Amino acid sequence: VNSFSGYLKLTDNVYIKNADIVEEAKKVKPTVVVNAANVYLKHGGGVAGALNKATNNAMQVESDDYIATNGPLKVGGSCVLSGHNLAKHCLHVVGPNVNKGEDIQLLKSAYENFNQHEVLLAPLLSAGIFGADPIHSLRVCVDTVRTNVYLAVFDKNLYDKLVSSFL
Ligand SMILES: OC[C@@H]1C[C@H](F)CN1c1ncnc2[nH]ccc12
Ligand SMILES: [Cl-]
């Protein structure tokens with residue numbers, strides 16, 4: 001039993017809700033919140049910009065030190081950093097950004113990072129400003145993640161389409 005509330009159950013392990021991931025994280029304070037990161041951890045907009053803003057830019061400061069030490073992530077890769085005031089940890093995961101021409105096949109590799117964590121709050125990888133089809137992202141999530149994932153979808157119209165079209 002966990003403290004996630006109001007989610008629709010899609011499969012044994014995948015749950016979905018129309019919610020702002022920032023407000024969800026502040027309420028639940030999950031062990032792991034997933035960020036929709038880029039390889040430079042530049043949290044400018046989309047999910048990343050919103051999460052970073054909610055940390056008063058502390059996420060960005062921590063991220064800049066991480067990059068200065070380690071260099072950029074790989075597309076499909078991840079790193080674990082602090083969750084600041086939002087969660088114990090933030091798993092920064094880089095899905096392919098279609099608006100940069102990145103290979104959508106890497107979306108499965110990106111979701112594989114979730115399997116290293118028993119329970120996660122997450123957005124749909126490569127959705128929004130990363131330019132992939134969210135219906136496809138949900139499909140890959142369901143077919144790749146085996147740990148317990150609680151998906152927050154910001155747009156109510158999109159949430160309804162994901163549920164009604166879910167196979
Ligand atoms: O599944 C994540 C959905 C799809 C798209 F990627 C953006 N999005 C969000 N969901 C909840 N809160 C959010 N805050 C900022 C963005 C955002
Ligand atoms: Cl977005």
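By convention here, the first residue in the shown sequence is residue 1. When reading the values below, keep in mind they use all heavy atoms of this one structure, side chains included, and skip hydrogens, waters and symmetry mates. Just follow the structure's listing: the first ligand is 1, and inside any ligand the first atom is 1.
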Please tell me whether [X] and [Y] have a donor and an acceptor in their side chains that are separated by less than 3.5 angstrom.
X: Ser63; Y: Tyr40; value: no
X: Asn52; Y: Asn57; value: yes
X: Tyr150; Y: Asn2; value: yes

Among all protein heavy atoms, pick out the one at the shortest distance from [atom]; state its residue, atom name and that distance to 0.1 Å.
atom: atom 11 (C) of ligand 1; value: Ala19 O, 2.9 Å
atom: atom 2 (C) of ligand 1; value: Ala152 O, 3.0 Å
atom: atom 9 (C) of ligand 1; value: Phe154 CB, 3.0 Å
atom: atom 16 (C) of ligand 1; value: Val47 CG2, 3.5 Å
atom: atom 4 (C) of ligand 1; value: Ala127 CB, 4.0 Å
atom: atom 5 (C) of ligand 1; value: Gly128 N, 3.8 Å

With clusters defined by side-chain heavy atoms of hydrophobic residues (ILVMFWY) lying less than 4.5 Å apart, directly or transitively, does [Y] cluster with [X]?
X: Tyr15; Y: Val33; value: yes
X: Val28; Y: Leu51; value: yes
X: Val32; Y: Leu73; value: no
X: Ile135; Y: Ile104; value: yes

Contact with ligand 1 for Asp20, non-hydrogen, under 4.0 angstrom: yes
Taking distance alone, with no angle check, do [X] and ligand 1 share an N/O pair under 3.5 Å?
X: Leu124; value: yes
X: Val22; value: no
X: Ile21; value: yes

Using a 4.0 Å heavy-atom cut-off, say whether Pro134 meets ligand 1 through its side chain, its backbone, both or neither. neither
Ring center gap for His92 and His43 short of 6.0 angstrom: yes
